[PDB]
Each structure stands twice: as C-alpha cells, then as structure tokens.
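For this chain, numbers begin at 1 and follow the sequence in order. Read the numbers this way: they start at 1 and go in the same order the structure lists the ligands and their atoms. Any value given below was found using the heavy atoms of this structure, including those in side chains, with hydrogens, waters and symmetry copies removed.
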Amino acid sequence: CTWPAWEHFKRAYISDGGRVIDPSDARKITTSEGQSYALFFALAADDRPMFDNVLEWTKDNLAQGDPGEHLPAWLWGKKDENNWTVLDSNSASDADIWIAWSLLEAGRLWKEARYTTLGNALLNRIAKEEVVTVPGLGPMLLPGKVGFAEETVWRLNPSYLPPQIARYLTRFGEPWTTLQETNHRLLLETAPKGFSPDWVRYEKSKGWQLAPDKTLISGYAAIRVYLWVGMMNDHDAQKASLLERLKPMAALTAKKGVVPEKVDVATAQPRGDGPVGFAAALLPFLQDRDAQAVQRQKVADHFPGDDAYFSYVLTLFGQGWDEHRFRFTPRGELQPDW
Ligand SMILES: OC[C@H]1O[C@@H](O[C@H]2[C@H](O)[C@@H](O)[C@H](O[C@H]3[C@H](O)[C@@H](O)[C@H](O[C@H]4[C@H](O)[C@@H](O)[C@@H](O)O[C@@H]4CO)O[C@@H]3CO)O[C@@H]2CO)[C@H](O)[C@@H](O)[C@@H]1O
Ligand SMILES: OC[C@H]1O[C@@H](O[C@H]2[C@H](O)[C@@H](O)[C@H](O[C@H]3[C@H](O)[C@@H](O)[C@H](O)O[C@@H]3CO)O[C@@H]2CO)[C@H](O)[C@@H](O)[C@@H]1O
Ligand SMILES: OC[C@H]1O[C@@H](O[C@H]2[C@H](O)[C@@H](O)[C@H](O)O[C@@H]2CO)[C@H](O)[C@@H](O)[C@@H]1O
C-alpha cells in the first residue's frame, strides 16, 4: 500500500498545488529536477493523484502549458516580493529526461495514452533542442538547451543520463540508440581514477579535459552516477563494466565508512564527509554486504529532516531501492512494487 518516506515527502515538501519546494533557498524554489523526481516517486508509489498534481504544476508553471512544445524552465520561485515566477527559462536536461521517462512509463503502466503522447512529444523536443553531434564524439546530451555548447568546447554532466534510462530510450530509435553508446563511453572515459566528475568538458582537437582541477570533482552531481549504476538490473550486460570502472568509490567509502563529499577526479584525493543523502545514494551501488550495512545505519539514524531537500530525494532513490520500493527491468522499464 503506502511508502512512508514518500508520504512524508508529500506532506513536508510538496505544495497543495503540486510544486516541490526546496526550503533552504530564500526564494523557496522549485526546480524541474524536483518535479521530475516527484513524478518518478509518485509512479513508483502507484500514486496517480500526486503524479497528476505534480505534472499539471510542471506543465503550467515551467512549460507554458505544454512540455511537448516548451522544455521546462529549470528554476522557479520568488523573484521579488510580489512576483513568483520563472527565475531561469533555460532547461536542465536531466530533469527533462526523467520527466519524459516517467510520462512514458506512466502511460504504459496506467494505460493512459495522454501521458504517452506527452512523453513522446517531450522526448522529441529533447532530441531537437539539447542533443547535438559533437565533432569527435558523435551525438551527446547537453545539460541544457543553452549555455553548454560553444564552437570548440562543450560541457557535460555524467549524472544526467542514467544508463538504465538510456537503455530504455533506445526503443525510440535515433538519436537514443547512439546516445546510449556515447553515454556509456562518457562514463567510462571520464573517470580515470574511478571517480566520475560533476561536470566535464570536451574540446575540439584535444578531447576530454581531465587535467587536475579543483572543479573536476565527484561531488553533489556525480554522486548520482554511482546511484544510477547501482540501480541497474543485474541482467543489463553493461552494469558490470560500470561497476568495475567506479569500484574505487566503493573501496574508498568502505575504508573509513564515510562517503566523501568531494573526490578529485584526476588524483583520487577525497575531501570532506558527504551528507546522509550520499550514504543512501550508495546503498544500491555498494555490493559488499558489510559496507552497505554501514551506510544503512547512517541513513537509519540520520534520516533527512524537512530542511534537506537534496538528501531527502537521494534517500527516496537509495533507501527506496534498498527497500524494494521499485526496480528497473533489464531494458530500463519500471518493474513496479505495487
Ligand atoms: O548567459 C551567461 C552565461 O550563461 C552560461 O550558461 C548557463 C545558463 O545560462 C544557465 O541557465 C545554466 O544553468 C544550469 C545550472 O548551472 C545547473 O546547475 C542546473 O542544473 C539543475 C539540474 O536539474 C540538477 O539536477 C543539477 O544539475 O542542479 C540543478 C537543479 O538543482 O541547470 C541549469 C540549466 O541548465 O548554466 C549554464 C552554464 O553555466 C554560459 O555557459 C556562459 O557562456 C554565459 O556567460
Ligand atoms: O500564469 C502562469 C501560471 O501561474 C500559476 O499561478 C502561480 C502564481 O502566479 C504565483 O503567484 C504563485 O506563487 C505562490 C507559490 O506557489 C507559493 O508556493 C508561495 O507560497 O506563494 C506564492 C504566491 O501566492 O504560484 C502559482 C503556482 O503555484 C497558475 O496556477 C497557472 O495556471 C499559470 O499558468
Ligand atoms: O548539483 C548537484 C545538486 O546540488 C543540490 O544542492 C546541494 C548543493 O549542491 C550543495 O552546494 C549544498 O551544499 O548541499 C546540497 C545538497 O545537500 C541541489 O539541491 C540539487 O538540486 C543539485 O542537483
């Protein structure tokens, strides 16, 4: 029947009108990411009323009524004391992808063609507006429709296309067929010490820009890479290759029992202790039963409060998967626990 942590999330973080609010920002923001994760969780929980409430808010307030015609603006909130509105009209493609996947899986599982039609239109718009062929790489997913592509340099975010979602989307043909391959190579090629970067640049005639840099780190974006990989179905033939490349994050977490806040991608040097959400995010990733139980204790004893949006959503994914609240099939479909 119910998923208690999701029920609490609805009460503490989602407005009556269907917007996920990050309370830690003075502008009391909603992001397209937060909306997209709420759609996913509502679908996993078999919660069509909240799915629809969140979807309608997203459509009307981020997408000018129709995500098939307008990619959702990524940031919304208090712009001035008399104006709650879009704060940045640019898209975030990780959210766009999670919205598209959630609509397509809701349409399939709830047998609702309206969701399928909207998911298809949004997917097509993602391909049109934030997928480009990068010389040397092929088709790649940009992090947003503006701001990440210049004539000779591009910036990517390895957390933005979960491998299981890339595998699911290949059913729609190109560019998704090729994007699944370029995404897999992105993940393998940009983790030279086994740590995936938050953001990474590719430069024409030069390749991936992996030199040591205080900004080339596995942090609050890339923690999601390990989470997505951990939640891949074991029968996905590529899960093993990704676990093997990212194994240093598992070995480092097991060593002192603390997920690092930031790891230098070029040197593997860690700094800081990650929040509880990082512990939960590694639950599906850690294959060793003892290392995973150490992190489980931290999530149990330091479960995120109502002032911790990001750790809460990482916990709904990571603890949710740890509790069998949802699974992915080998093709990246939702295998629901309804
Ligand atoms: O125009 C001046 C300047 O713009 C640069 O492009 C910007 C672009 O204007 C801006 O919209 C975009 O903002 C990103 C933001 O940095 C990013 O953090 C956010 O990502 C979401 C995502 O959903 C998350 O899951 C995770 O990434 O965090 C947030 C949600 O919390 O997405 C927005 C939208 O893409 O950043 C661009 C690059 O900085 C130009 O590059 C520059 O040349 C110009 O000078
Ligand atoms: O016109 C564009 C869309 O506007 C939607 O209404 C928004 C209001 O314009 C906005 O003033 C209000 O802001 C709220 C905020 O939701 C709430 O969390 C905060 O505490 O108080 C603010 C001020 O009341 O948000 C709503 C959306 O939540 C229309 O609903 C929509 O149809 C229309 O397309
Ligand atoms: O880009 C990753 C991610 O950051 C989230 O907020 C972080 C923030 O990056 C960090 O500066 C702050 O100190 O802690 C929080 C998380 O505990 C943000 O909420 C996400 O939407 C964003 O995707």
Decide whether the shortest distance between a heavy atom of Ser91 and an atom of ligand 1 is less than 4.0 Å.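 Right, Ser91 reaches ligand 1.
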
Counting from 1, what ligand 3 atoms have a heavy atom of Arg224 closer than 4.0 Å?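 Per the distance check, 23 (O).
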
Is it true that [X] and [Y] have a side-chain N and a carboxylate O under 4.0 angstrom from each other?
| X | Y | answer |
| --- | --- | --- |
| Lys239 | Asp234 | yes |
| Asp94 | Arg224 | yes |
| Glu112 | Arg48 | yes |

Do any N/O atoms on [X] end up under 3.5 angstrom from N/O atoms on ligand 1?
| X | answer |
| --- | --- |
| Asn90 | yes |
| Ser32 | no |
| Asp94 | yes |

Backbone N/O of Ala222 and side chain of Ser196: donor-acceptor pair under 3.5 Å: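 No, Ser196 side chain to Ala222 backbone: no donor-acceptor pair under 3.5 Å.
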
Is atom 24 (C) of ligand 1 less than 4.0 angstrom from some protein heavy atom?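 Yes, at least one protein heavy atom sits under 4.0 Å from atom 24 (C) of ligand 1.
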
Given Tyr220, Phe310, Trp74, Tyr37, identify the one with the heavy atom nearest to atom 14 (O) of ligand 3.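 Going through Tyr220, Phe310, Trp74, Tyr37 one by one, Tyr220 has the nearest heavy atom to atom 14 (O) of ligand 3.
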
Nearest-neighbour protein heavy atom for atom 21 (O) of ligand 3, which is reported as residue plus atom name and distance: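 In this structure, atom 21 (O) of ligand 3 has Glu33 OE1, 2.7 Å as its nearest protein heavy atom.
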
For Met232 and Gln164, which heavy atoms make the closest approach, and how far apart are they?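 Smallest interatomic distance, heavy atoms only, reads N-NE2, 3.5 Å.
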
Non-hydrogen atoms of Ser36 and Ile99 that approach each other most closely: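 The answer is CB-CG1, 3.5 Å.
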
Would you check whether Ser15 has a nitrogen or oxygen atom less than 3.5 angstrom from a nitrogen or oxygen atom of ligand 2?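 No, since none of the N or O atoms of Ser15 sits under 3.5 Å from an N or O of ligand 2.
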
